[PDB]
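Engineer: Begin with these chain(s), straight out of the complex:
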Amino acid sequence: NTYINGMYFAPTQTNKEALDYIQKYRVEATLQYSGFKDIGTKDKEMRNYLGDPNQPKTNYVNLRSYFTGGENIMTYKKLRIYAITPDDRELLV
Amino acid sequence: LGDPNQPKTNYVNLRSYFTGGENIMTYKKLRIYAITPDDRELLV
């Protein structure tokens, strides 16, 4: 098994300002026991892309710091947006 | 060349660009930005 820790999300391209515009992501994923529970919202984090010390800073979703007890697996999940007034969807699998 | 007794020269930090992978020994171009215009320096 491989469990996911987080999502080094949307690497620095040559044309992106929209990653400076969001403040909150909203997760739905399947835990190991009682799968597909709803989890809450948090704020984004800024980290170096892929941990390289000479590489810009992108968004990040620290999936361990949510309202879980267990892990995540390679199954159904959704990743939604809090734009400043409305909701939006960004990632699915 | 990393010598601690050697003058300071230019450097092009190729890891800190918009890549995800590596570079290889094939076709490449490396260009100046002079203060108004564009100009070319290195080709392989």
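Structural biologist: Received, thanks. Numbers count the residues shown, from 1 in each chain, chains lettered A, B, ... in the order given.

Engineer: CA atoms for contacts and neighbours, from now on please.
Structural biologist: Fine.

Engineer: Can you say which helix or strand has the residue most central in space within chain A in it?
Structural biologist: When chain A is reduced to its mean C-alpha position, the nearest residue by CA atoms, centre = their mean turns out to be residue A:61, at 3.4 Å. Using DSSP states H and E, the element containing residue A:61 is strand A:57-62.

Engineer: Is that strand positioned near chain B?
Structural biologist: No: for strand A:57-62, no contact with chain B is found by CA under 8 Å from any CA of the partner chain; the gap never falls below 11.1 Å.

Engineer: Parallel or antiparallel, list what pairs with that strand.
Structural biologist: Strands adjacent to strand A:57-62 in the sheet, as given by DSSP bridges, are strand A:6-9 (antiparallel), strand A:47-48 (antiparallel).

Engineer: ranking those by burial, who's on top?
Structural biologist: strand A:47-48 (a mean of 17; mean count of other CA atoms under 10 Å in any protein chain shown).

Engineer: quick one: contacts of it?
Structural biologist: Under the contact criterion CA atoms under 8 Å, 6 or more residues apart in numbering or on different chains, strand A:47-48 has outside partners A:55, A:56, A:57, A:58, A:59, A:60.

Engineer: As chain C, please add this:
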Amino acid sequence: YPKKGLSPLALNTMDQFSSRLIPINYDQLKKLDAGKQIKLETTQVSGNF
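Structural biologist: Placing chain C onto the earlier chains gives this:
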């Protein structure tokens, strides 16, 4: 102040005799890091005539 063609004014200190730059702890730094922005208000102005 300043005039129309000059750069703005910079404030970074908080003493009467200017040392001790303004601090921010860890939670306020992580809130500032996540894209938020602080607001600046004025309260009073004392002057001369």
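
Engineer: returning to what we had before: could I have the CA atoms of the strand holding residue A:61 written out in CSV?
Structural biologist: Presented in CSV, the C-alpha positions along strand A:57-62 are these (Å, rounded to 0.1, in the frame of the first residue of the first chain):
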residue,chain,number,x,y,z
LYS,A,57,7.1,28.4,-3.9
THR,A,58,3.8,26.8,-4.9
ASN,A,59,0.6,25.9,-3.1
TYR,A,60,0.3,22.8,-0.9
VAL,A,61,-2.5,20.9,0.8
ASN,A,62,-1.3,19.5,4.1
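
Engineer: Let me see the residues that make contact with it.
Structural biologist: Contacts of strand A:57-62 (CA under 8 Å, 6+ apart): A:5-12, A:19, A:25, A:44-49.

Engineer: Go again with 6 Å.
Structural biologist: Applying CA atoms under 6 Å, 6 or more residues apart in numbering or on different chains, the external contacts of strand A:57-62 come out as A:6, A:7, A:8, A:9, A:44, A:45, A:46, A:47, A:48.

Engineer: The second one and chain B: what is the separation?
Structural biologist: As judged by CA to the nearest CA, to the nearest Å, residue A:7 and chain B stand 15 Å apart.
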